[PDB]
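Protein chains in written order, with the authors' numbering: chain 1, 1758 to 1771; chain G, 89 to 175; chain D, 242 to 267, 278 to 323, 334 to 344, 377 to 593; chain A, 1753 to 1843, 1857 to 1997, 2043 to 2044.
Notes follow the structure.
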Amino acid sequence: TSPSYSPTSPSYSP
Amino acid sequence: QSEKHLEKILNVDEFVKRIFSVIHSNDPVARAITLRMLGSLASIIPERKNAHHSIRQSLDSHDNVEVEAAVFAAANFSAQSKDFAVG
Amino acid sequence: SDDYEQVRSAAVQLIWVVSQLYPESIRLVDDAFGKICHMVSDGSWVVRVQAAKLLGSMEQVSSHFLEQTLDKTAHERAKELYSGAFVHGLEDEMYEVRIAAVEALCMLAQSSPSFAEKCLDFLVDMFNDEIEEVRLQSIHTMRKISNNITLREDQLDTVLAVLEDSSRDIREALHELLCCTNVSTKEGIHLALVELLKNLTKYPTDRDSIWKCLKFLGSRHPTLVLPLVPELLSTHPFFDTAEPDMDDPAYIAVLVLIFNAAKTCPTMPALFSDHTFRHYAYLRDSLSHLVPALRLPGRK
Amino acid sequence: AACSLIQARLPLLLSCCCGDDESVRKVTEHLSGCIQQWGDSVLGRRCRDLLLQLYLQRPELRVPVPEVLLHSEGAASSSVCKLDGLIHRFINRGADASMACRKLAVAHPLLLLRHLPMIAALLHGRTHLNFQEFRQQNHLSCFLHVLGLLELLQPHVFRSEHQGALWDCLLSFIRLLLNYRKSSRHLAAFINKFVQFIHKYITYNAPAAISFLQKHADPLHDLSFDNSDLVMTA
C-alpha cells in the first residue's frame, strides 16, 4: 500500500 | 512557463494542498520536484507558514538533489516575503 | 428615615461621606454600613442605585460583620455533596441595580483579600440572568477578583456557559476569564481542556482566542499538566504513532498548551514523541506570540 | 556557557564510545584538584549515560551540583511516579508502584530529587474526601507511599537550597492534609509525618526556618498532643 508515501505519514483526506 | 496566469486562480487552498501533499513522500527526488514547484508559486502563496517551514526543513538534509532545490525555492520566497527572509 | 423621596436619595450620600472620614462612634463605619444595608431594600428603585454604589466605594469595614451581608443553602449543599443585604440586592427589579450590586461586590472583594471565597458562588450562579449587560459584568468581575481563588468544583458550571449561541462577546469574555483563573486539580485542567475542544469544534471562528487562553492556562501552572502528557497526545508505548496533521486546529491547540508549560519543567522533552520536535519547530516559526523559545535539541 | 558548550560537544562523546566498557572506563576517571574541576558536569551526564551503578552517583552526589539539562532517564521516573499515583487513585498495576519506585529511588537519589516537583504537584485529592473515610485509599495510600519515599530520600531533604521549594510545597500540602483529616482517626501517617519533619529540621535548621512561616498557623491549628510532641529489640 502506497510504496512511496511511507506508513507513518499524514493521510490525504479527499 | 505559465506564471502570468497563476494569479487568476479562484481556488488556492485545494490546489496548494494537492501540490504540498507530496513533500512527505520518502523519495528524495519527489521532494526536490515539489520544492521547485512551491518556489514557482511564491507569487500566489507568499505567506504560507507551512511552506516556509517545509523549505527551511529540507534546506538542512543529506540528499544533494533536494538541497539544490530547496536552495532555489528559498531564494524564490526570500523575494516575495519578509518574515521568511528574516529567518 | 424621612419617609419622602429625593431626601433619602442624598441622605445616604451624606452618611457615607461623613462615615468614611473616620470610624469612631462607639463602631462608626460599620454602623453606617449597617444603615446602608438596612436601606438597600428601599421602596423606590432610584435610591438603591446610590445605595449600592456608595457601599461599593467604601473600602474599610469589620470583617466579621462583612460576611453577615451574604449569610442567608443549595450552594453549601453542593459543596458538602462534593466533599442580609446583598443576598437580596443581587436579585432585584431591573438590571440597573444588579449592575450596581456586582460593581460594589467587585470593589470590596478587591479591597478585602478574604470574603472572596464566600462570593464566588454568588457570582457564578448569576450567569443566566437573561440581561447581556449583567452577563458581561459578572464575567468581568469574576476576572477582576480572580486571584488566590479556587474552583475545586465550580469549574464545570462556569465552563458550561462556554457554549452560547454566538454571544461572541460572552464567549470571548469566558476565554478572558479562563486565561486569568486558577485551578488546583489535574482533573480540572483535563475537564477545561475537553470543554475547550468542544467549543473549538462547534465554533471554528475564535480559535485565535482559544489558543491564547490555552497559552496562559499553561504558563500559569505548568506542573498540573505534566501527568497529562502521555494521555493527551497519543504515545502508544511500543507503536509508532501516525503523524497527526500539522495544521489541525485541535492538535495545534493541545500542542501550544504543552509547549507553554514546558518553559518551566525541564523534564518532559523526554515524554515528547518523535513528531513533536519538528512540529515544535514549525509552530515556533508560524505563531511566534504563542510558543516561547525552549531548550529542545532540534532548535538549539 | 561552559555547560552549554559541553552539551553541544557531548553527542560525539556518546557516539565515539557507544560501549558499556568505554563508559565505565570513562566515568571511573575523575581528576584531582579543587579549582576549575568542571568534571562535575560531565560526570552528572551519567544521567544521560543511564548508568545502573550507584558508585557513579556517589562522587556525583558528593559534587552536589544543580541539574537542569536534558536527561535520558527522565521518562522512566515519570512513568513510575505517575503509575504509582494512578494506582493509588484507582483504589494489578500497583505491584511495581510502591516497590520499584523505592528501589530506583535508593539506587539513584539525584534523579528523584530532579523529578520531585511533578510528584509534589500530585496528591491534591485531600479536599475530595476530607474525612478520608469515604475514600478507601485515594487519600491514604498515596501519602503513605510518598512520605515513605521522602524518609528514604532524606538525602533529598538534605539537598541544599534551589531544591527545597518543592519540599516546602509538599510539606504545606501534608500540613493541610493533617488539618483537614478526619480528626486524627488514624495516626500512623501522622507519626510518620511528624518524624519526617523532625528529621528534616535536624538535618537542616534552614528547612525548619522556612517551614516556620507555614507552621505558625499549624501549631494553633493542631493544638493536639501528637503535634505538641515536636511543636516545642534483639
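Cβ atoms here follow ideal geometry from the backbone N, Cα and C, with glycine treated the same way.
Are any of the Cβ atoms in chain 1 nearer than 8 Å to that of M539 (chain D)? yes
Would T1758 (chain 1) count as contacting chain D if we go by Cβ distances under 8 Å? no
Is it true that the CB of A454 (chain D) sits closer than 8 Å to the CB of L471 (chain D)? no
Do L1783 (chain A) and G1791 (chain A) have their CB atoms nearer than 8 Å? yes
Going by C-alpha distance, which of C1934 (chain A), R1900 (chain A) and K1868 (chain A) is nearest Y343 (chain D)? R1900 (chain A)
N138 (chain G) - containing alpha helix (DSSP H), residue span: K137 to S146
Nonlocal neighbours in the same chain, by C-beta distance under 7 Å from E465 (chain D), ignoring five residues either side: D499 and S502
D578 (chain D) and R144 (chain G): beta carbons closer than 8 Å? yes
Considering only C-alpha positions, which residue in the set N114 (chain G), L94 (chain G) and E102 (chain G) is nearest to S149 (chain G)? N114 (chain G)
Return the first residue and the last residue of the alpha helix (DSSP H) that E465 (chain D) is part of. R461 to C473
Under 8 Å by Cβ, that's how I've got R119 (chain G) and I111 (chain G) pegged, so tell me the actual separation to the nearest angstrom. 6 Å
For a contact defined as C-beta to C-beta under 9 Å, what are the partners of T534 (chain D) on chain C? Considering every chain present, this structure includes no chain C. Its protein chains are 1, G, D and A.
For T494 (chain D), name the three-state secondary structure that DSSP assigns. helix
Touching by the beta-carbon criterion (3+ pairs, under 8 Å), the region 580–588 of chain D and the region 1907–1923 of chain A: no
List the residues of chain G whose Cβ lies closer than 9 Å to the Cβ of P1767 (chain 1), in chain order. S109 and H112
Going along chain D in order, which residues have a C-beta closer than 8 Å to the C-beta of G127 (chain G)? Residues of chain D passing the Cβ test: none, with the nearest at roughly 18 Å.
With distance defined between alpha-carbon atoms, name the residue in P523 (chain D), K340 (chain D), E457 (chain D) and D385 (chain D) nearest to residue 661 (chain D). For residue 661 (chain D) there is no data in the structure shown, the boundaries of chain D being 242 and 593.
Identify each residue in the region 1805–1829 of chain A for which the Cβ-Cβ distance to at least one residue of chain D is less than 7 Å, and report them in chain order. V1820, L1822, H1823, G1826 and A1827
Outcome for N1944 (chain A) when other beta-carbon atoms lying within 10 angstroms are tallied against a minimum of 16: exposed
On the premise that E102 (chain G) lies in contact with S131 (chain G), defined as a C-beta separation below 8 Å, what is that separation, rounded to the nearest angstrom? Wrong, their Cβ atoms sit about 18 Å apart, outside the cutoff.
Put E425 (chain D) into one of helix, strand or coil per three-state DSSP. helix
Can you check whether the CB of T1758 (chain 1) is closer than 8 Å to the CB of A535 (chain D)? no
What in chain A is Cβ-close to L519 (chain D), meaning under 8 Å? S1830, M1883 and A1886
Assigned exposure category for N440 (chain D) - 16 Cβ within 10 Å defines buried: exposed
How many Å lie between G481 (chain D) and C412 (chain D) at the Cα? 20 Å
By a C-beta neighbour count over all protein chains shown, 10 Å radius and 16 as the cutoff for buried, is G511 (chain D) buried or exposed? buried
8 Å CB neighbourhood of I463 (chain D) in its chain, flanking five on each side removed: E425, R428, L429, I432, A454 and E457
Less than 8 Å between CB atoms is the rule here; does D101 (chain G) satisfy it with respect to chain 1? no
Helix, strand or coil for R1924 (chain A)? Go by DSSP, reduced to three states. coil
From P562 (chain D) to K96 (chain G), what does the alpha carbon distance come to, in whole angstroms? 45 Å
For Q1897 (chain A), is the classification buried or exposed, using 16 other Cβ atoms within 10 angstroms of its Cβ as the cut-off for buried? buried
DSSP on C1934 (chain A), reduced to helix/strand/coil? helix
If you measure beta-carbon to beta-carbon, which residues of the region 499–530 of chain D are closer than 7 Å to chain A? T516, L517, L519 and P520
Let's test the definition: count the other Cβ atoms within 10 Å of the Cβ of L1887 (chain A) and tell me whether it reaches 16, buried, or not, exposed. buried
Of all the alpha helix (DSSP H) runs that stay within the bounds of the region 388–424 of chain D, which reach a length of 4 or more residues? 388–404 and 409–418
Nearer than 7 Å: is that true of the beta carbon of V153 (chain G) relative to any heavy atom of the ligand ADP? With respect to the ligand ADP, the structure shown offers nothing to examine, as it has no ligands at all.
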